[PDB]
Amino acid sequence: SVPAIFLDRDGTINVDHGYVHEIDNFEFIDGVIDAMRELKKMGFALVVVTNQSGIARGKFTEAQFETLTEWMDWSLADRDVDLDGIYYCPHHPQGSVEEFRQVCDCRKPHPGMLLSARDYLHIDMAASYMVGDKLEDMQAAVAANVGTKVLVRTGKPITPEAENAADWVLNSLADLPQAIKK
């Protein structure tokens, strides 16, 4: 078993412009890649858990997501950040795409993506961390039994509720490794 950092994507790793599904619009947040490289060095498995409802909406296709995801994966690996896992939820209850229109267990606040990652990589949850910019990220982490829940200021201004749920509030994923050391 290994400890892990569960990573929310939009607003945590990349700037949230809304329904980002293009390489052209994918901008990595400052210091996040270096921090991810460092987090890995420290010994954490790195797992991305992202809700991608735009797929259900028909904003962008599933294949489009994969193309961005592969690129993201390559860009990181090239920087010596090798991601342990990447999980996503394409569903929404009101989705206009029939294939993806449903209630599901993988859509945060639901803890399914995290549980799925845990069984696959044999992660030790109490030792783990969750970093996100939204309350659902915190809620999924609590459900999943993650030890420390971290909120970040890289999204839209954080709600009091998300803040209530969080264990830590940090400026960026960039500041996580230092935070863990102290």
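All residue numbers refer to positions in the sequence shown, first residue = 1. Between two forms, the rigid core is defined as the largest C-alpha subset superposing within 1.5 Å.
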* **Greater root mean square CA deviation, 155-163 compared with 5-13 in 7 other deposited structures of this protein, core aligned** => 155-163
* Structure fact -> The stretch carrying the higher mean Cα B factor in the deposited entry, 7-15 or 165-173, is 165-173
* Quick one: higher average CA temperature factor, 131-139 or 61-69? -> 61-69
* Could you tell me which one of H122, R37, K149, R153 shows the highest CA temperature factor in the PDB record? => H122
* To do: Can you work out whether the C-alpha temperature factor of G54 puts it in the lowest, middle or highest third of the chain?
  => middle
* To do: Report the third (lowest, middle or highest) to which the CA temperature factor of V97 belongs, ranking only the modelled residues of the same chain.
  => highest
* Structure fact -> Here the Cα B-factor of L114, set against its chain, lands in the third termed lowest
* Asked: If you rank the chain by CA B-factor, which third does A126 end up in: lowest, middle or highest?
  -> highest
* What third of the chain, by the recorded C-alpha B-factor, contains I33? -> middle
